[PDB]
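Asks: Please read through the structure below; I'll follow up with questions.
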Amino acid sequence: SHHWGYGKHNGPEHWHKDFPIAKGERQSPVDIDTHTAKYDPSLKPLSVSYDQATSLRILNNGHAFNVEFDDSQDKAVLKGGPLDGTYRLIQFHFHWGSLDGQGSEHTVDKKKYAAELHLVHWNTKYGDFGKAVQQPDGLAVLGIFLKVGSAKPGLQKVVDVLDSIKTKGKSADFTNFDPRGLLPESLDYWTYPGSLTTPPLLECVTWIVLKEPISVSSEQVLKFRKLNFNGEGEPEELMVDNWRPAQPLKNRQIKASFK
Ligand SMILES: NS(=O)(=O)c1ccc([Se]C2CCCCC2)cc1
Ligand SMILES: NS(=O)(=O)c1ccc([Se]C2CCCCC2)cc1
Ligand SMILES: [Zn+2]
């Protein structure tokens, strides 16, 4: 059974023993060297189309929490940029730290942010998510950095429900949530081919990382840190530092959408 996690005894340094692709040629996350990344005029305009997004549920899965969407039709999609075709939003989740100085998976000139939001989308040409993850262009993950400053009003409904999903395996209704409230103003981005950042670490992701972070309040991120990795009635292990460090870039170039 899966026994990977984020602690010393089951964390990122151990994953390769059960998921050998951990040492592969297109692993994520990576450090984004802003000086080396090059503007790419071949990138088409990015299109985030979340007007009809239909959120359903929030789940503590023992690694993070997922806000899940109805992906039975093209209700919320990501298109354009580096992407060929249509990618359907299935869920979002975050990675975060024990302290404000760490928590992001991607880094920017080695800078770590307090957290990172991942909006996960699958390529509809493959019919279902399970099939999409087996393809090199199966998923598009829109990554957004979080820094601590002023509160993000569009985040507060997420923060407010976390008390009800404290432990692994708990879920709650989470209908009528607008994910557009989690974006920054600018859609400037970096893009590169990579992988899932958790086991099974499949090399199926086109990464699109927004340059502009969102600001959240210290009080908002503190509430993330009250979640538990453990299940109900088990010894408390705070859900903090659920991030994989940067992996070798190898034979990849990071492209910028902006001049
Ligand atoms: N290669 S891995 O999937 O990361 C992985 C790592 C460790 C273990 Se067992 C370990 C779990 C923590 C408590 C002590 C016993 C199984 C699988
Ligand atoms: N952190 S992340 O790279 O956005 C990311 C996104 C989605 C998942 Se779900 C996983 C379930 C088993 C089959 C493969 C997909 C993990 C990690
Ligand atoms: Zn993630």
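All Cβ positions, even for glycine, are placed from backbone atoms using ideal geometry, and neighbour counts span all protein chains on display. Every number in this text was worked out from the coordinates using simple rules, so none of it is lab data.
Asks: Would you mind listing how long segment 122-224 runs along its three principal axes, going by Cα atoms, in whole Å with the largest first?
Replies: Its Cα atoms span 39, 35, 25 Å along the three principal axes.
Asks: Shifting gears a bit: Hey, with R₀ at 35 Å, roughly what FRET efficiency would residue 156 and residue 23 work out to, going by the Cβ-Cβ distance, to 0.05? Please list the in-between numbers first.
Replies: Working: r = 40 Å, r/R0 = 1.15.
Once the sixth-power term is evaluated, E becomes 0.30.
Asks: Moving to a separate point now. Among 164, 133, 177, pick out the residue whose Cα is farthest towards the positive end of the charge dipole of the chain, where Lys and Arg carry +1 and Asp and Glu carry -1 on C-beta, about the Cα centre.
Replies: 133
Asks: Provide the net charge surrounding residue 188, with neighbours chosen by a C-beta distance below 9 Å and charges set as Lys +1, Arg +1, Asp -1, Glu -1. Don't skip to the answer; put the middle values down first.
Replies: Working: positive: 211; negative: 212.
Summing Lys/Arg as +1 and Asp/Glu as -1 gives 0.
Asks: Which whole-angstrom value gives the distance between the alpha carbon centres of segment 45-123 and segment 150-195?
Replies: 8
Asks: Rounding to the nearest 20 debye, state how big the charge dipole of segment 1-140 is about its Cα centre with +1 on each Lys and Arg Cβ and -1 on each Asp and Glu Cβ. All intermediate terms of the calculation are to be shown ahead of the outcome.
Replies: Values: 15 positive and 18 negative charges, 28 e Å.
Taking the Cα centre of segment 1-140 as origin, the dipole is about 140 debye.
Asks: Could you rank the peptides 28-37, 103-112, 45-54 by their average count of other C-beta atoms within 10 Å per residue, with the highest value first?
Replies: Details: 28-37: 17.5, 103-112: 19.6, 45-54: 14.9.
Descending mean neighbour count gives 103-112, 28-37, 45-54.
Asks: Could you sort 114-125, 144-155 so that the peptide with the highest average Cβ count within 10 Å comes first and the rest follow in order? Mind showing how you got there, number by number?
Replies: On the way: 114-125: 23.2, 144-155: 17.6.
Order by mean packing, descending: 114-125, 144-155.
Asks: Evaluate the Debye formula for the chain with equal point scatterers sitting on the alpha carbons, no solvent, and hand back log10 of I(q)/I(0) at q = 0.13 Å⁻¹, in q order, two decimals.
Replies: -0.81
Asks: Same structure again: For residue 151, enumerate residues with amide H under 5 Å from its amide H, sequence gap 5+ or separate chain, H modeled in the peptide plane.
Replies: Sorted by chain and number, the residues that satisfy this are 217.
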